[PDB]
Number of protein chains: 2
Amino acid sequence: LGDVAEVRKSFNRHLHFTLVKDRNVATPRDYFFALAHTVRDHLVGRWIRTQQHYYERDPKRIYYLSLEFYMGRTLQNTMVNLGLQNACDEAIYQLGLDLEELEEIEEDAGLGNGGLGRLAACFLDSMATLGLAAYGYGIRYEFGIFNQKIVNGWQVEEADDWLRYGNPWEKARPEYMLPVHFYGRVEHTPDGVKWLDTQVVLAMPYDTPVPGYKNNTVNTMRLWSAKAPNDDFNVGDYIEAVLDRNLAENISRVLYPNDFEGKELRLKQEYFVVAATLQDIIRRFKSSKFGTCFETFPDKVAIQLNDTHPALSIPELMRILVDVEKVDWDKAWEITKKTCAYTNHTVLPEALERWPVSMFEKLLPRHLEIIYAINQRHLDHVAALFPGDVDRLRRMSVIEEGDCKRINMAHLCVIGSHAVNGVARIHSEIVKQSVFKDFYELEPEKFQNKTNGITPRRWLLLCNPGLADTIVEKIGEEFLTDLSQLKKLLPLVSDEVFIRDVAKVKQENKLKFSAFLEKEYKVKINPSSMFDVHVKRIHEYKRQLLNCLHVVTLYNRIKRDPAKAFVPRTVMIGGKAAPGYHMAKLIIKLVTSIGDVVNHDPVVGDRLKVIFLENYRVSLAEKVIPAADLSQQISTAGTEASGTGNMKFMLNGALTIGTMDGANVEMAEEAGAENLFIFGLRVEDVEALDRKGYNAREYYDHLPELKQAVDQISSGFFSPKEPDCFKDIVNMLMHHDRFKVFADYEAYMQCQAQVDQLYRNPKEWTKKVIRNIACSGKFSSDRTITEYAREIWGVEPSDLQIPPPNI
Amino acid sequence: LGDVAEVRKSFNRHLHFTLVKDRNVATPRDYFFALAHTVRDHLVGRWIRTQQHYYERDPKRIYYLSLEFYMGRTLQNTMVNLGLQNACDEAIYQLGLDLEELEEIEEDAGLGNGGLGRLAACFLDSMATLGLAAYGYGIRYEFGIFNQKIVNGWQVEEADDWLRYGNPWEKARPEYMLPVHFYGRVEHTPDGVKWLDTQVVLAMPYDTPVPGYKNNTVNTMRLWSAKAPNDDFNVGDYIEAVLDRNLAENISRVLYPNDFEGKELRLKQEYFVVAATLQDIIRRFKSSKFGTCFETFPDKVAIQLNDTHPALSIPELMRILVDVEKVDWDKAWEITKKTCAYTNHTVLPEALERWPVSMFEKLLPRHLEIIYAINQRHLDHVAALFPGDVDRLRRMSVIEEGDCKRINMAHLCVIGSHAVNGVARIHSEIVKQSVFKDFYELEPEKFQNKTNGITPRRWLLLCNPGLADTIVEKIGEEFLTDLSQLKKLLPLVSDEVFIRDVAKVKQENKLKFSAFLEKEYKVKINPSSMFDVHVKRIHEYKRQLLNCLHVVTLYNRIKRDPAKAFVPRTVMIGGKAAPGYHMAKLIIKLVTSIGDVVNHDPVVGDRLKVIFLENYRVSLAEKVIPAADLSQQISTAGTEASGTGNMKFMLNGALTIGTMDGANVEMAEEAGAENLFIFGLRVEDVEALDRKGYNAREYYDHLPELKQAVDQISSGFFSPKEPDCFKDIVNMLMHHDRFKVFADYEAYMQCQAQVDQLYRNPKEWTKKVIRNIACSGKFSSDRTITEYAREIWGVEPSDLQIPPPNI
Ligand SMILES: *Cc1c(COP(=O)(O)O)cnc(C)c1O
Ligand SMILES: *Cc1c(COP(=O)(O)O)cnc(C)c1O
């Protein structure tokens, strides 16, 4: 190949001219950078051409606004979307280096946190693959959230210094910087409303390429860094300036800060992305090749609000249009509603974001005025349609009364958007009928569903090339951009060759992940054991404790009859606890405490191993998901909207043990519920238990295997040196357990036995797996994005065709 | 040429892949950057090879430590030292751009201030041209000193945001960062002295290439940026951290800060460069290919102290050697004295740098201990050689008594260095016999002279290619690296062709600078008028006022007899005033006030124009010096050590009006005093006037042209709206004038008449010019550096021969 020679020549060129190093002084990190630059150069040609193409053809632009972008690592994705993986592997080998070693030096982008952020990243990959003129907008968080470390079995938060050595992917655009205004006061003058005496924070843009899979599109993620404007002063004025500089820069410091007016910092962050972004969208709109003029704005601009975090987009668009662009209020409002769309990710109305009005009086006095005007006009309309309905007016109002007046940002999003969607079929029904019941009665057509999805490139082609090839051999390459083509795998459940091939891939993946496990955690991993994986946020509603009780029950069962034939398990539990969440940190400690007992018991041996997977991130998900046999998706029914981890396990050859909630429902409906290990209380059963009243004591008293497990946890069997360590866990499970852990224990145990009986038969296990994989095509973010594009954005995929670039 | 095609291809490549731009979105600044990168790539090959060569051949390394590096602009110097000027000019033309326009977009590096900084930059260029293994070490000042603006005839200081858009020349080395310690306390333990509880500031290195002229050497300038280490805290601890972060970062904010414990900030800056640098020098020494071991240190390392600013090098080298490297005190001291050398730039002992010991007690307690030990051992030696001489001990001590104990940093430099030099022959005699009289008596051999110099590349080949070619045609190219070869021009004073050629070059230069003048200042410049140039620091001792009085006298002379034939003059006065220097700001105002009257008087017309050259910098020196007919070097005799501006005018075809002091003396001695316009009080005459007592009133009273000029200044003729504006100027000239402005007025007037009579005869003017240029070869920094290398560093130039690189 001439390709292998080009990468080799480009790597050395970057090493000498970009890094200003030679092979004697270079570190592995320098080698990662040299390669990352080599690979980025292949994107640049397409990136320039793509932006030249959108300027020429002026397509409708999609703006995806999120406070989270859980991007992971970029080197591998970039290499695969450009087809250069094989050429780089060989070039790096010939250079005396190891591609996978270099891949491990890259930092996980500290730009996301959980589901909401990964959803944004999958979306961006799909929008680029579908040829949409899409731009991701967010904050360039300098220190991510935090890297989880486990010290003495407890979680410790370490700072995520991911930009320490620089990010090779991003380009700084200091020339496209915009001012963000805070505080000040508002004056009504004859020339229009003026927002005066404001503090100014500068928004500095950094652009990152978002490549399309096997097309020529390379889109942009534009992330803003907070910087103070520089400069008279007395001693006090000098200290005021240094502090304002620091408070400016900590807007883009960490995701979801705590600090207790660190809530004011969250509001500042929200406005900082909104104002930065909207000024950029408008500037792009009026700077079009060949440009009263704002009437075409809803035809050239869609703004998607990923949760209520970017909710200020509504009154800020109203502000720029009316106070700067001199557009008439009514016209600006009809423009606002048509440009904005809102996606909700939560169930029950109390999770929805609220801000005190007093906080708005101080930080954003002009936006408060606009919000008040939007609300009044909205309630006049409601009063016209439903005369004398006084309680309807209070329910539908964006401003709520209580111990202080508050602004319901969700209500503001509903009123200022043309479309409102939930993230799964039943969640979207709850969004309609319960969360925004009154809004649904007034405008049913506004409310929609956009079932979540995952990208088939990262969550298959990247993390599981072995499985990807085995599917490619049988049904060709077209499924990678049209994942519903995996249904052609259905007849292959009879094929003895395919079954032994899918099983071989899984075991290869299991062996590669065992090697990571033994090296890092120092536990002897059984290769023939079943990989039982539960990876998500440590939270009571997610019920890692339910999984803990199962593990203790199994430990006790091996101890009672050590001669008995037992299905071997490697139980992996991972996830980050919120720093101030006392119960979740107790739970992490329980898992490691259980593991200490289980993994060091000589009677137990190679039958049961328990590991807490430290620092669950995007990059680690890509190692563990392809190696999983069983996926635990065991949240209490009625708590989960969707879930995307569910989808990742289904595509990578794992069977699912779960409740009938969130994504599991649509996964059952796609593959048939018999191919999934559904158990426990149904949404309606949970409600019926609340009518009876949950008495967890009755369960503990009349379930012997559970009583033994809880007593061990309580008495200090898993914590000999500090026997009251889990007192608050036990106290919660018996008296305050809102998530009904005991109520689902029996059903969960019985269900795990059915899992054990199926794993005992390798062929029928893998047959059920093939049925899962073949019916997962629906859960492609391509499908989700095509849905958003046609039913919300009014754009057609592949209507823009970027041609091969010029160097 | 294949060269023109390569630059074109590299520019576009940098524009696309480095800048991530196309020609539609690119600004002229992007074009400057694209070109700057193209050109830097040619240095990199040599830069890598040079550092590979010094590692292989382990030569003795020269470390030039300065708090100032007045580098100017780099694009032109870089192009000429690589021979790519012509190829770039053509490539940029073919691209549709203008090289000189792009050259003007580059910022003057805000790394220097005056003479001391430019000396450092000329030295670095010479050391590279001579093939020395030389490293410049200093501070990367983020905001320079200040850009001078003239608003309403007064100086305003504007912030020098020179790094705003980035520096294309430098490479960040965050991996070679070193800690700097401050404060803390000191503990004597059995394992040696320990410096504990210190605050730590990080020194982040940035490397800049220093190319040799027509050789393959590219050396390094290593400049340190102050950064705080990142991270528990209460409300107060948080504010303490934010302030310490800011105080850390303002170490590398501005040159010579004011802030009144902004003196503590100067001390911090001094230590920050010393500690950063010495740790780097040692790390390089022990990391040599194949490395008790410190005995070879004085043979592999020379540290040159450019003034007392890096004086802490002595006790810090002692600290690292004894407390870290476990070297014996006596051995470490003999190593210290042999590695360090000190250059003094001042006359009279009261200008020498002192710090209160209390400030050292707090900021550097371990260095104070070391200084006290160095001093005691030094005074024991003095006590041995001169027993019972109690006053000799007090004079020779590094610690002085008074309103508080103080550390004389100059005494510390003398005691801890093997060599001590002045910067001109007579200044070096004063350094020996007066400033350090007692030290000279004890060790005469330590004391030396190293007459200053300027680089022939920047101060001839770059700023004056026209003159450079006219010399190249007659004596070939060898003078550019052996400037004493300009003596071959001496017989050409008879050559009628050469004389008219040198005059043609001057007039071309005058015309190009008139075009800059008319465009920027909006005054009609007479092309046949004499360019009278006085560019330096605005200070009473430099006597811009003496030049002001001459200009007023000439204005008055044209007004008395407007019909009379008068030699036309363009008088240019430039220079920056220290922000707190009331008299110097008054002086700038006087010049602009005079100009307002002179330049707008219709009786005067094209005979006399007065301009204040705004923001005298390196880049502006390169425009004005080649266009000058007359160089004013008029400081009071006995005040100037050397001067390098003097030298620049002499090389570029200007005649010198000056006093018999500093560089003027050696310039007279080189070209013969008859070829220079020497006037006024001699050093000995100044002393004799102090014996008589200077009564400036006697001069004002009995010199009518002066009385008229002073009365106009006093009465408000030059300031109609604020007639008492120059009251403090007049009050000073009559009662407190230490610089004897009136005493030299008559001699200066008479001398200017001789200048007027010579300019009246073009041929004899240019003959005298040729005599100046031909005898300027001595004032090459190559000569100075060869001198330092052989008489101080013990290195031979051209003993290291870097071979052509590999790409
Ligand atoms: C896909 C993914 C998630 C989402 O998991 P859910 O519990 O389904 O919300 C979270 N974190 C990471 C690292 C992921 O890759
Ligand atoms: C050469 C130079 C100097 C030194 O001038 P002196 O008065 O001779 O010390 C100062 N500033 C600039 C910009 C120079 O180029």
Side-chain angles (χ1 to χ4, degrees), chain A residues 66-74 104-121 138-167 223 225-226 246-247 249-260 262-263 265-266 268-270 273 309 520-521 534-540 542 544 573-592 611-624 645, chain B residues 228-233 237-238 241-242 245:
Chain A
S66 196
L67 273 66
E68 247 194 271
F69 285 95
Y70 217 17
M71 298 301 283
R73 298 182 176 146
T74 291
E104 296 301 305
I105 310 311
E106 182 166 14
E107 306 292 339
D108 275 76
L111 298 171
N113 159 73
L116 185 105
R118 186 54 234 177
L119 187 73
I139 304 182
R140 179 169 173 269
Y141 299 107
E142 226 234 280
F143 305 97
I145 192 147
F146 60 86
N147 279 318
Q148 175 197 76
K149 278 285 310 301
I150 277 91
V151 178
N152 190 44
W154 301 88
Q155 181 179 284
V156 175
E157 306 92 22
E158 190 175 81
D160 191 5
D161 203 12
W162 72 286
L163 288 166
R164 174 162 198 160
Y165 314 97
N167 175 18
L223 297 188
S225 240
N246 173 249
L247 281 144
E249 294 174 8
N250 71 31
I251 271 164
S252 59
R253 192 183 192 265
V254 290
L255 227 179
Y256 302 129
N258 188 268
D259 297 58
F260 221 112
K263 60 187 273 182
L265 182 57
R266 282 194 190 173
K268 281 172 153 161
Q269 283 185 324
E270 283 183 355
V273 266
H309 311 140
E520 272 259 67
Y521 298 89
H534 193 185
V535 286
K536 48 186 75 186
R537 253 207 309 172
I538 306 304
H539 215 294
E540 279 159 284
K542 315 227 94 145
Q544 284 83 16
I573 301 166
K576 291 154 100 144
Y581 189 8
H582 178 64
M583 201 63 68
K585 277 141 99 78
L586 252 45
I587 288 161
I588 294 181
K589 180 60 178 169
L590 185 62
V591 182
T592 56
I611 113 108
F612 195 84
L613 281 159
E614 182 192 91
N615 205 31
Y616 185 64
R617 292 162 278 167
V618 169
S619 74
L620 182 56
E622 289 172 55
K623 292 176 166 75
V624 73
Chain B
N230 26 39
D231 184 50
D232 300 328
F233 304 104
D237 290 331
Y238 175 86
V242 171
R245 277 195 138 195

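A, B, ... follow the sequence lines: proteins, then strands. Residue 1 opens every chain. No hydrogens, no waters, no symmetry mates; every other heavy atom, side chains included, goes into these values.
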Step-by-step side chain to side chain contact (heavy atoms under 4.5 Å, CB included) determination, A/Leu116 to A/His309: CA-CA 11 Å; A/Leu116 185 105; A/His309 311 140; 4.2 Å; yes

Side chain to side chain, B/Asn230 and B/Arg245, heavy atoms closer than 4.5 Å: yes

I need the minimum non-hydrogen distance between B/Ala241 and B/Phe233, along with the two atoms involved. CB-CE2, 4.4 Å

Can a donor-acceptor pair be found, under 3.5 Å and without considering hydrogens, that links the side chain of A/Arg73 to the backbone of A/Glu106? yes

State whether the side chain of A/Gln155 and the backbone N or O of A/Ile150 hold a donor-acceptor pair below 3.5 Å, judged by distance alone. no

With no hydrogens and no angle check, do the side chains of B/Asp232 and B/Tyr238 hold a donor and an acceptor under 3.5 Å apart? no

Got a salt bridge between A/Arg164 and A/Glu142, using NZ or NE/NH1/NH2 to carboxylate O under 4.0 Å? no

Can you tell me how far OH of A/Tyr141 sits from CG of A/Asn113, rounded to the nearest 0.5 angstrom? 9.5 Å

Please tabulate, for side-chain N and O atoms in residues 252-259 of chain A, each donor-acceptor pair with protein atoms closer than 3.5 Å (sequence neighbours left out).
from: A/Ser252; atom 1: OG; to: A/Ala226; atom 2: N; distance (Å): 2.9
from: A/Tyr256; atom 1: OH; to: A/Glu68; atom 2: OE1; distance (Å): 2.7

CG on A/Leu590 to CD1 on A/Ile538, rounded to 0.5 Å: 11.0 Å

Which heavy-atom pair separates A/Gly575 from A/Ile588 by the least distance, and what is that distance? O-CD1, 4.0 Å

Does the side chain to side chain contact (heavy atoms under 4.5 Å, CB included) test come out yes or no for A/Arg140 and A/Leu163, once each step is laid out? CA-CA 10 Å; A/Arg140 179 169 173 269; A/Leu163 288 166; 3.6 Å; yes

Note: A/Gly574 and A/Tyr616 closest approach over all heavy atoms is C-CB, 4.4 Å

Rounding to 0.5 Å, atoms CG (A/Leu111) and CG (A/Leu67) come to a distance of 11.5 Å

Validate the cation-pi geometry between A/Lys576 and A/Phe146: distance from NZ or CZ to the six-membered ring centre under 6.0 Å, angle to the ring axis within 45°. yes

Side chain to side chain contact (heavy atoms under 4.5 Å, CB included) between A/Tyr70 and A/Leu119, worked out: CA-CA 8 Å; A/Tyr70 217 17; A/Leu119 187 73; over 6 Å; no

As a quick check of understanding, evaluate salt bridge (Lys or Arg N to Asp or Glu O under 4.0 Å) for A/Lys623 and A/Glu104, giving each step before the final call. CA-CA 12 Å; A/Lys623 292 176 166 75; A/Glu104 296 301 305; 3.0 Å; yes

A/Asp161 vs A/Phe143, test: side chain to side chain contact (heavy atoms under 4.5 Å, CB included). Steps then yes/no. CA-CA 5 Å; A/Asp161 203 12; A/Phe143 305 97; 3.4 Å; yes

Whether A/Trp154 side chain and A/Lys585 backbone form a donor-acceptor pair below 3.5 Å: no

Mind checking the CG-CD spacing from A/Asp160 to A/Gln148? Nearest 0.5 Å is all I need. 12.5 Å

Closest heavy-atom contact between A/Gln269 and A/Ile251? NE2-O, 2.8 Å

Quick check: closest heavy atoms across A/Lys589 and A/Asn152, and the distance to 0.1 Å? NZ-O, 3.0 Å

Close side-chain approach of A/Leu613 to A/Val624, heavy-atom, < 4.5 Å: yes

Where do A/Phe612 and A/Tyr521 come nearest, in terms of heavy atoms and distance? O-CE2, 3.4 Å

Atom pair CD/NZ of A/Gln544 and A/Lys536 - distance to nearest 0.5 Å: 8.0 Å

If you define the side chain from C-beta out and look only at heavy atoms, does anything of A/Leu247 sit under 4.5 Å from A/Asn250? yes

To the closest 0.5 Å, what do you measure between CD (A/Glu158) and CG (A/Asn147)? 6.0 Å

